[PDB]
Amino acid sequence: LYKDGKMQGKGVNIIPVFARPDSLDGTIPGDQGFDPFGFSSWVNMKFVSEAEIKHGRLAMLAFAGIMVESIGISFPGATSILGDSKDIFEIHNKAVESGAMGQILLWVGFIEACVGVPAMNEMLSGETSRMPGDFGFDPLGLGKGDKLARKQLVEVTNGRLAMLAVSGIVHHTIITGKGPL
Amino acid sequence: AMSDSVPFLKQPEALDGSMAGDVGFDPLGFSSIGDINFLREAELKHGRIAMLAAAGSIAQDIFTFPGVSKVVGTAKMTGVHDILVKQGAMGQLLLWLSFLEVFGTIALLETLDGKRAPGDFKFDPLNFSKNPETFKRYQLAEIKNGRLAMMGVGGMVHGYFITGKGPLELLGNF
Amino acid sequence: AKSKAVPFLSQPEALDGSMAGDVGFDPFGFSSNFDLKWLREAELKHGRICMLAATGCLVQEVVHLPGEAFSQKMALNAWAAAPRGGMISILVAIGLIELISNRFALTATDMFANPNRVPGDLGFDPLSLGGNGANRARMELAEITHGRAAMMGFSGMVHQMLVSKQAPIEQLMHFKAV
Amino acid sequence: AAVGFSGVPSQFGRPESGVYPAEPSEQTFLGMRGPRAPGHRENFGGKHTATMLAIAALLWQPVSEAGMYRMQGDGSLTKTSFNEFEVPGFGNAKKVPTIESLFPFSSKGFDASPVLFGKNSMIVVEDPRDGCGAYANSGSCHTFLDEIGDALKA
Ligand code: CLA
Ligand code: CLA
Ligand code: CLA
Ligand code: KC2
Ligand SMILES: CC1=C(C#C/C(C)=C/C=C/C(C)=C/C=C/C=C(C)/C=C/C=C(\C)C#CC2=C(C)C[C@@H](O)CC2(C)C)C(C)(C)C[C@H](O)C1
Ligand SMILES: CC1=C(C#C/C(C)=C/C=C/C(C)=C/C=C/C=C(C)/C=C/C=C(\C)C#CC2=C(C)C[C@@H](O)CC2(C)C)C(C)(C)C[C@H](O)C1
Ligand SMILES: CC1=C(C#C/C(C)=C/C=C/C(C)=C/C=C/C=C(C)/C=C/C=C(C)/C=C/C2=C(C)CCCC2(C)C)C(C)(C)C[C@H](O)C1
């Protein structure tokens, strides 16, 4: 549920030592009154909202991949070329040298350039009334009327938590030399 | 007012649905820069050349004309090109395709004027499309097969660059 | 009242957001002393030359014409190694392109004498890609942004070739600190 | 009253022209926008230019491979220059200017082709990346990223 005035909206501040700015409208999902540096006063809110959502989804996929590749789950035949170890950095370097990550880079960049760049440009220019992070992708049909929130808010919160989790896991792998779990 | 193929993007203004294969797919707005008649002529020419090249790669894998094996030897796909530049075949091919493409240039500029549909050379000597509906069905099939053969011939020549097998030989040997 | 690019300076006069790329950035007051049409024509010309020049500095390393004289990967060697009569022909052809393309109005007193002459509008549209009205302002903005980026990039590549004696891409692959 | 670099001759006391033609919107493929005579863009517009470029590209193909091709006994062809084509009836000038005089490819050592890049005049392409990677290279490949990484790791 949208819980405007409890979880989002005007008047909600989760870290009350930094007062809620007047710049935040409360329309954006995840607006919980945290802008100490006042960035919302001068940036375009739609662009940074879509950037936060895309960074969050990338960090979710990164967390899922890091945990399944550091625990030991692998595809059939995937261990041989990419090394029978569990260290994510060496997995990156081996899969680059194999050519897998160039192929991933090519297709992710093709997806980014072909529809992502026009979606961001038309969304910012005001030609489609497209919302940030809305790429119209609902294959399984799980949000129809619950899209207002209990889908958006939980996604952005898990995105931010995934960002913090992936950063923590990477810097632990740097300092310790051993992957998580 | 949204694109049918890419539902989160707007319908391009140069696209209308009249041309065969129009599903509102122009996310990068190439039709906003170039003329749609020039673009459709280019798409049909690329597609028809790619259908011919795909069918040629398949049939030259399957069999060879009499006498080509002596001059060429065991050279296949793009590897014949340089050899057949030293021989006189491709110079003849370029000469007659250039002769056809002069009138192709006149037809394309006539289309850019706006008195002729792009890719309409009125070449139907067997009169296949008598009623307009079958004409529409062949137009959609032609543009879809042309795009599919563009991708296919790209895959075939780059797979030849990787393994040097051939589109049917690579199927018959991993 | 303040410049948007430089917020501690007042907005430069005759700059009102009409031209493409106008963010009010003129701290030295060049537009207060010289006319904006000549400045825009000069900016577009420097930017377009630097677009072609940056593209050349990147392309000549990967792709060469046949012959010994065109085999220098570093562009400052290709300036000297190329045949001299060809480069003098290039100079003369650039002079002719300047002469006819500006329609014999070449100076600071006769270019823009015709009121229909627009800064950077030489009438050049060989494939007529500008036949669309709402694209136009974005197109000029993209052109001037590409030109500015190309100016800064080409300056950096030429002086880094001077420092390193290396062609740009292999200088990025074979980097040696100063 | 007279802005610097304004470009108006009346502002500089320069002899003016008075006559300033309007700028038409008609465009030519290989030409330039500007004032023209009536009838000009209809005879020599984009259609004419493209047709003449097509005809020139078509006629380039016999011109690039210019020569006297002669069959030998084994059926092979010997290509010899038009400069040896002799004429009976112009006095002491047996050798005459030919089509190869106007297009002297062999004089410059240029192996012309019908698409003007030849076998001995091929465009030279070479990969500048030297067969190494962007980062983590051990050998003769020290990239900018490797220099950054060593600068942090010291
Ligand atoms: C926490 C996960 C999560 C949640 C709740 C949402 C929620 C939403 N997304 Mg989103 N998304 C996510 C992750 C998530 N997303 C990621 C990671 C990507 C990148 C691939 C995307 C890409 C994406 C696009 C491109 C679009 C959406 C859209 C939407 C909206 C409608 C669709 C919907 O209800 O999906 C919710 C459905 C699910 C979360 C399905 C459950 C899948 C399970 C959890 C997978 C589990 C796999 C594995 C077990 C993971 C754990 C590994 C670990 C054990 C090691 C809604 C706001 C659409 C929209 O309208 O945006 C406004 C849209 O166009 N999302
Ligand atoms: C600022 C422009 C500029 C200048 C001064 C040069 C200068 C040079 N180039 Mg070069 N080049 C450029 C841009 C430029 N390049 C661009 C953009 C490309 C990519 C297509 C290339 C690709 C290139 C190759 C592949 C080679 C050179 C080579 C050379 C050298 C020999 C001259 C020659 O054969 O020209 C060759 C020129 C070309 C092949 C293309 C030039 C195209 C220009 C930009 C003209 C287009 C705009 C034109 C003025 C029309 C606009 C008119 C309008 C304003 C009205 C010489 C140092 C040769 C060399 O020495 O190798 C190291 C060589 O092999 N160039
Ligand atoms: C007036 C007519 C004329 C004549 C008689 C010549 C004659 C000659 N030129 Mg020359 N040239 C001309 C016009 C002319 N040029 C013009 C208008 C330009 C443009 C500035 C050049 C640029 C030029 C260069 C840069 C070089 C010559 C060279 C030569 C000599 C050898 C050419 C050869 O055989 O290569 C035949 C080979 C080809 C035709 C292949 C060229 C490949 C294409 C055209 C590259 C694409 C470049 C691109 C179109 C440039 C666009 C810019 C342009 C629109 C401004 C020869 C003396 C070369 C020389 O001195 O070597 C000793 C040399 O380096 N010329
Ligand atoms: C047998 C005669 C003949 C031939 C073989 C021939 C060939 C080619 C080729 C071949 C590759 C090209 C590429 C080309 C191109 C252009 N020609 Mg053409 N042309 C011929 C005749 C004339 C005449 C009489 C005029 C003319 C013109 C133009 C313009 C105009 C530009 C503009 O109007 O801006 C352009 C672009 C008119 C002009 O302005 O010439 C300065 C003009 O008056 N042409 N022309
Ligand atoms: C119209 C005109 C005439 C006409 C004539 C014309 C010439 C008729 C013929 C039209 C023909 C040329 C159509 C050919 C289509 C090619 C298909 C789409 C592609 C396959 C490529 C893909 C699937 C692939 C590949 C794949 C990968 C990449 C690589 C491989 O390892 C494997 C694999 C092969 C699976 C006729 C006579 C009809 C009469 C008419 O009155 C007038
Ligand atoms: C007008 C239009 C025409 C069109 C046209 C023209 C031909 C348009 C095509 C244009 C090209 C020439 C644009 C060139 C951009 C060059 C810059 C941006 C590269 C900058 C890289 C820099 C910033 C960086 C750099 C860096 C430096 C500093 C340090 C280095 O260590 C690394 C690195 C290199 C990365 C056509 C013909 C179609 C007809 C139509 O009817 C009308
Ligand atoms: C003759 C000759 C030669 C040659 C040569 C030849 C014959 C060269 C031929 C080259 C060809 C035909 C290349 C095709 C490339 C196609 C691509 C990249 C398609 C990408 C599709 C993508 C990314 C996506 C597609 C998509 C997907 C998946 C589904 C949704 C839609 C979409 C998003 C569009 C040489 C050079 C060797 C020299 C030799 O001496 C002589």
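A, B, ... follow the sequence lines: proteins, then strands. Residue 1 opens every chain. Because only heavy atoms are used, hydrogens play no part in the values below, and waters and symmetry mates are left out as well, while side chains stay in.
- With salt bridges taken as basic N to acidic carboxylate O contacts below 4.0 Å, none links A:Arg130 and A:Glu122.
- Judged purely by distance below 3.5 Å, without hydrogens or angles, the side chains of B:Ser3 and B:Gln11 never pair a donor atom with an acceptor atom.
- If you check the side chains of D:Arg41 and D:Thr28, you find a donor sitting under 3.5 Å from an acceptor.
- To the nearest 0.5 Å, atoms CE (D:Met32) and CD1 (C:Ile97) are separated by 8.5 Å.
- Distance check, rounded to the nearest 0.5 Å: OG1 of A:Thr157 to CD of A:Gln152 gives 11.0 Å.
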Show me the donor-acceptor pairs within less than 3.5 Å that the side chains of residues 124-143 of chain C make with the rest of the protein, sequence neighbours left out.
| residue | atom | partner | partner atom | Å |
| --- | --- | --- | --- | --- |
| C:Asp125 | OD1 | C:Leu129 | N | 3.1 |
| C:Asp125 | OD2 | C:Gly130 | N | 3.0 |
| C:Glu143 | OE1 | C:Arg48 | NH2 | 3.4 |
| C:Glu143 | OE2 | C:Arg48 | NE | 3.4 |
| C:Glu143 | OE2 | C:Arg48 | NH2 | 3.2 |

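- Summarising the geometry of C:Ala105 relative to C:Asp110, their closest heavy-atom pair is CB-O, 3.4 Å, with the distance given to 0.1 Å.
- Taking 4.0 Å as the cut-off between side-chain N and carboxylate O, A:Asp31 and A:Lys10 do not count as a salt-bridged pair.
- Residue B:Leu9 holds its CG atom at 10.0 Å from CG of B:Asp26, rounded to the nearest 0.5 Å.
- In this structure, the salt bridge (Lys or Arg N to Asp or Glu O under 4.0 Å) partners of C:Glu43, at least two apart in sequence or on a different chain, are C:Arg40, C:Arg148.
- Remark: the backbone N or O of D:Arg36 is not paired with any side-chain donor or acceptor of D:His40 at under 3.5 angstrom.
- Checking B:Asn37 against B:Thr111 by side-chain atom types alone, no donor-acceptor pair falls below 3.5 Å.
- Between A:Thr27 and A:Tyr2 the shortest heavy-atom distance is O-OH, 3.5 Å.
- Note on ring orientation: taking the six-membered ring where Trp is involved, the planes of C:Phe30 and C:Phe28 are tilted (angle from 30° to 60°).
- Between C:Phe112 and C:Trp38, the ring planes are perpendicular. Angles over 60° get that label, and only those under 30° would be called parallel.
- The two residues B:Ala20 and B:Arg40 have their closest heavy-atom pair at O-NH1, 3.2 Å.
- In this structure, C:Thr55 contributes its side chain and C:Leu52 its backbone to no donor-acceptor pair below 3.5 Å.
- The two residues C:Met111 and C:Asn102 make their nearest non-hydrogen contact at CE-OD1, 4.1 Å.
- For the residue pair C:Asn114 and C:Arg103, no side-chain donor N or O sits within less than 3.5 Å of a side-chain acceptor on the partner.
- Taking CE from A:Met131 and OG from A:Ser49, the interatomic distance works out to 8.5 Å, rounded to the nearest 0.5 Å.
- Taking the charged nitrogens against the carboxylate oxygens, B:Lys115 and B:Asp113 have no contact shorter than 4.0 Å, which rules out a salt bridge.
- Residues B:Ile106 and D:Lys47 approach most closely at O-NZ, 4.1 Å, considering heavy atoms.
- Ionic pairing of A:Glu52 and A:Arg57 is not present here: no N-O contact between side-chain nitrogen and carboxylate oxygen is shorter than 4.0 angstrom.
- In this structure, CZ in B:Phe121 is found 9.0 Å from CG in B:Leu44, a value given to the nearest 0.5 Å.
- Every salt bridge (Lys or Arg N to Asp or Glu O under 4.0 Å) that D:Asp127 has, sequence neighbours left out, goes to D:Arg129.
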